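For reference, the structure is listed below as structure tokens.
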Ligand code: HEM
Ligand code: HEM
Ligand SMILES: CNCCc1cc(C#N)cc(OCc2ccc3c(C)cc(N)nc3c2)c1
Ligand SMILES: CNCCc1cc(C#N)cc(OCc2ccc3c(C)cc(N)nc3c2)c1
Ligand SMILES: C[C@H](O)[C@H](O)[C@H]1CNc2nc(N)[nH]c(=O)c2N1
Ligand SMILES: C[C@H](O)[C@H](O)[C@H]1CNc2nc(N)[nH]c(=O)c2N1
Ligand SMILES: [Zn+2]
């Protein structure tokens, strides 16, 4: 069936055909919707999946059923038959990575999807190799503040006992320390990871914003610690354009958001190590990272310096402080010429991106729960935009944390 | 389908277990290959006898289970009595006790409502003896006066006769009992509430003489027994309003904004045991954001962000200054302050979302679940600093329920 989606602000109606191509389940059924749930090979499995991907690749370059296409099918078939897997061509790898981003239903930044620098690291064999590759990624992506989207792809999974993994959840994150008095210093999101680094030999500064070491696992071996050279770690001290006292809060963040714990799937092949990076939407830092109760939780401190009456919730003192923090963050990044996008501009771009995809591609899978910003929702255009969510491959998937799997 | 489904709160780590979804009745619109969770809405004929029996039995069973008389003599007798009614008259009538139970539970089952901790405290007004629009007007006026209660608002529903053949429907044509007019101007601009321009035009055609102001309370347009609808003015003394002022910004009053105290939705259909109540206005009290974010700041509504921001002397040329966000917060601060000052019941979005979490938890424990639509439950501003943002929810449709129905002017056969 052709499915329609309406924008209730502009009354624009798009028609979705693309969803007809998905073959992977979403978690919902006819009788129960799980749209707010965060997470609901063999030779015989592998070839149909490879064939599907090869087919859409040669279809994408307008040479479906070509001599080259047919040969590739045969090439891939023989290679699965004789090795229980196959290797992607470089062109395929790049096409696959861009489309995993394209298909990422939860990403509001996908207007950029085809500007992705793809680093092929499939010849890597050791944690030291991974560290070199990651350093180059970071240096290239940071670009002195003029951030550039990139992904580095390490060797595919083989038998499951020789996985490459980046144990860090992002390449750059701050440590979190569980205090004697039961509280938390630094980032409470990373307390467990920090403890593993400590246990593995990392000597913690025990400050509020200590950059974590890289913890890297190659070919299924024990992971090894590495310090990212500090000149590669671009950071922004947070200040406020009106409140002189804001800089006295001591807040800072890092410029490069680079998620490193997801799994890239292309044509049935699994890439368990594929750190990918872009640039920040301000709310990621200013709302979630700084103001989640289970994160840096700074609302009370800021509201106090703002001298706001904090006794009753209906004074909306949290909401006032939230906006000012997010102002400061955008101002700080912009003053230091570090790429950042505000949630108005970002969501705006995403609506334009949806219109592009519906025209040229017949749809765009999108997850309203994640696309709508964590503040000021309904004064952004995506709030009023009906979206259809469905799962297309290639894709980025969640995977279990390595310390639950690995035996040393 | 699995017997136990789990939901997690990502802030508190609390994990709840849902068994109530097993009692789900109609489809959600999703399939296993697509999710329609952000779609707003995923023939003139009525239920046949065969369609009607199992729906009635289902409801009667559920009623007697609730009062701990399942399998009792009374239960079996009521079953038999209902069965005979349907067989000889192709429909049946609810007992008052059943009617009150069904109405309370349609609210309890309303996945999009954040206010459901209050569900058992609902004043049900039985208007199934109503025969004319004048009578509907009498019932609606009494409802408004009772629910308003001089500002100490009390939740209530008034239930007009159920549907019979579908050519004799009772309808309130208004979408809410109390709403403001909108008037499209020859030059393309709108006066009043742009959301209501269509309904307003209908009223004007029906004879209404419009004041043509910014906040003119609309007349009731009331359809009894399938007849042409009739106009009635609500006695202005029955319409509680709050002028919007600001605890710090003295100039805020000069904006001349006000809103009405009583949110009373009147265009939904109540379904109980396969019976359809097409006219069933229900009312509660407001969450601030319903007025301060949506009513006032939606672009296709009153759209006041700009004018407020200018009076705040904000720099408005760069979106990254968050002038919209800054203005939005102050507007919502004003609304809560004005209502509280005038002692009209209102709830802020922090308090409401916290109550709903406690409510949900209690429902999971005492009922085996609580259907919730995250896309509607999370407030239109400051989402993640409310506890519902981090709460996984399962959405599914239980009966009795409130349902959408077609706009009456689109279907009505004019006499
Ligand atoms: C270029 C600028 C980008 C911006 C502004 C952006 C923005 C965002 C935001 C705000 C989220 C929600 C994050 C959260 O709340 O945790 C997100 C999710 C996501 N992004 Fe993007 N993103 C960008 C680039 C990219 C790139 C380059 C990739 C991959 C090559 C990517 C893949 C993803 C994926 C897979 C998710 C969802 C992960 C999940 O399911 O948990 N994004 N993005
Ligand atoms: C008592 C105080 C109440 C509060 C604070 C409250 C709050 C809300 C809010 C904020 C919404 C979202 C509205 C929107 O964005 O359009 C909503 C929706 C809804 N409420 Fe409640 N509500 C209350 C009482 C009631 C009552 C008494 C009923 C019925 C007996 C009810 C039934 C519903 C239904 C059916 C919806 C969703 C309508 C739809 O699907 O479009 N509510 N409520
Ligand atoms: C409490 N937060 C946990 C939610 C989360 C989990 C995982 C994983 N695995 C991955 C996630 O990725 C979000 C993401 C991914 C990529 C991003 C890029 C490339 C840029 C950007 N600005 N934000 C991103 C944000 C998020
Ligand atoms: C502008 N978009 C309108 C979306 C909407 C449509 C319908 C219908 N039909 C009914 C709706 O009801 C929302 C609602 C219903 C009852 C409420 C009560 C009883 C109290 C309250 N504070 N808000 C309500 C809000 C909303
Ligand atoms: C497209 C989207 O489903 C639509 O804008 C919804 C989103 N969530 C909402 N949530 C509430 N409470 N009220 C609404 O009117 C809407 N509108
Ligand atoms: C329970 C709920 O699904 C969860 O809190 C989600 C809601 N929406 C989100 N949206 C974004 N962008 N990021 C998130 O981490 C979340 N968390
Ligand atoms: Zn769904």
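Chains as they are written, first to last, in the UniProt record's numbering: chain L, 304 to 343, 354 to 721; chain B, 302 to 343, 350 to 722. Just so it is clear, CB atoms sit at the ideal spot from N, CA and C, and this is done for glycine as well.
Nearest residue (CA-CA) to residue i, options the options
i	options	result
residue 349 (chain L)	L:512, L:311, L:313 and L:324	Since chain L is numbered 343 and then 354, with no step between, residue 349 (chain L) has no place in the structure shown.
residue 364 (chain B)	B:373, B:387 and B:340	B:387
residue 615 (chain B)	B:601, B:626, B:630 and B:607	B:630
residue 481 (chain B)	B:530, B:454, B:413 and B:458	B:530
residue 492 (chain L)	L:478, L:465, L:508 and L:383	L:508
residue 345 (chain B)	B:446, B:306, B:385 and B:606	No atoms of residue 345 (chain B) appear, because in chain B residue 343 is followed directly by 350.
residue 563 (chain L)	L:574, L:549, L:571 and L:478	L:549
residue 472 (chain B)	B:452, B:355 and B:343	B:355
residue 664 (chain B)	B:695, B:645 and B:646	B:695
residue 421 (chain L)	L:691, L:706, L:361 and L:678	L:678
residue 500 (chain L)	L:444, L:565 and L:536	L:565
residue 579 (chain L)	L:376, L:657, L:716 and L:361	L:361
residue 423 (chain L)	L:595, L:430, L:432 and L:412	L:412
residue 308 (chain B)	L:339, L:455 and L:445	L:339
residue 653 (chain B)	B:359, B:595 and B:353	B:595
Sheet register partners of residue i (DSSP bridge)
i	result
residue 318 (chain B)	B:307
residue 572 (chain L)	L:483 and L:589
residue 497 (chain L)	L:491
residue 579 (chain B)	B:582
residue 630 (chain L)	Residue 630 (chain L) pairs with nothing; no bridge assigned.
residue 700 (chain L)	Its beta-bridge partners do not exist; DSSP assigns none.
residue 565 (chain B)	B:550
residue 478 (chain L)	L:530
residue 336 (chain L)	B:702
residue 447 (chain L)	Paired residue(s): none; residue 447 (chain L) is not in a bridge.
residue 417 (chain L)	Per DSSP, none; premise fails for residue 417 (chain L).
residue 363 (chain B)	DSSP lists no partner for residue 363 (chain B).
residue 594 (chain B)	B:654
Proximal residues of chain B, C-beta to C-beta of residue i below 8 Å
i	result
residue 655 (chain L)	626, 627 and 629
residue 369 (chain L)	Near residue 369 (chain L) there are no residues of chain B at all, since even the closest Cβ is about 17 Å away, more than 8 Å.
residue 703 (chain L)	334, 335 and 336
Residue i beta carbon near ligand 4 (any heavy atom closer than 8 Å)
i	result
residue 574 (chain B)	yes
residue 641 (chain L)	no
Beta-carbon neighbours of residue i, restricted to chain D and to distances below 9 Å
i	result
residue 601 (chain B)	Going by chain labels, chain D is absent from the structure shown, which instead holds the protein chains L and B.
Residue i beta carbon near ligand 6 (any heavy atom closer than 8 Å)
i	result
residue 699 (chain B)	yes
Residue i: CB within 8 Å of a non-hydrogen atom of ligand 5
i	result
residue 419 (chain B)	yes
residue 696 (chain L)	yes
residue 608 (chain B)	no
residue 682 (chain B)	yes
residue 687 (chain L)	no
residue 414 (chain B)	no
residue 592 (chain B)	no
Residues that residue i contacts on chain L, provided the C-beta gap is smaller than 8 Å
i	result
residue 471 (chain B)	Those do not exist, as residue 471 (chain B) stays about 30 Å from chain L at its closest Cβ, beyond 8 Å.
residue 341 (chain B)	309, 311 and 699
Contact set between residue i and chain B, taken where Cβ atoms lie within less than 7 Å
i	result
residue 559 (chain L)	Neighbours of residue 559 (chain L) on chain B: none; closest Cβ ~14 Å, over 7 Å.
residue 329 (chain L)	333, 334, 335 and 336
residue 574 (chain L)	Per Cβ cutoff of 7 Å: no residues; residue 574 (chain L) is ~16 Å from chain B at best.
residue 420 (chain L)	Chain B residues near residue 420 (chain L): none, gap ~16 Å exceeds 7 Å.
beta-carbon residue i near ligand 3 non-hydrogen atom, thresh 8 Å
i	result
residue 559 (chain L)	no
Residue i: CB within 8 Å of a non-hydrogen atom of ligand 7
i	result
residue 341 (chain L)	no
residue 667 (chain L)	no
Near ligand 1: residue i beta-carbon under 8 Å from a heavy atom
i	result
residue 711 (chain L)	yes
residue 530 (chain B)	no
Any non-hydrogen atom of ligand 2 closer than 8 Å to residue i Cβ
i	result
residue 692 (chain L)	no
Listed by chain order, chain B residues near residue i by CB distance under 9 Å
i	result
residue 633 (chain L)	633, 636, 637 and 640
Meets three-Cβ-pair contact criterion under 8 Å: the stretch 456 to 471 of chain B and the stretch 503 to 519 of chain B: With the rule of 3 Cβ pairs closer than 8 Å, the stretch 456 to 471 of chain B does not count as touching the stretch 503 to 519 of chain B.
Assess, as a yes-or-no matter, whether the stretch 597 to 611 of chain B is touched by the stretch 627 to 647 of chain B under the definition of 3 or more beta carbon pairs within less than 8 Å. Yes, the stretch 627 to 647 of chain B touches the stretch 597 to 611 of chain B.
Decide if the stretch 664 to 671 of chain B is in contact with the stretch 316 to 331 of chain B; the criterion is three or more beta carbon pairs, one per stretch, under 8 Å apart. Yes, the stretch 664 to 671 of chain B is in contact with the stretch 316 to 331 of chain B.
Tell me whether the stretch 536 to 545 of chain L and the stretch 427 to 444 of chain L touch, counting them as touching only if at least three CB pairs, one residue from each stretch, are closer than 8 Å. Yes, the stretch 536 to 545 of chain L is in contact with the stretch 427 to 444 of chain L.
Validate contact between the stretch 325 to 340 of chain B and the stretch 695 to 711 of chain L using beta carbons, cut 8 Å, 3 pairs: Flag = yes, the stretch 325 to 340 of chain B and the stretch 695 to 711 of chain L touch.
Quick check: the stretch 643 to 658 of chain L against the stretch 680 to 699 of chain L, are there 3 or more CB pairs under 8 Å? Judged by Cβ distances under 8 Å, the stretch 643 to 658 of chain L makes contact with the stretch 680 to 699 of chain L, as three or more pairs qualify.
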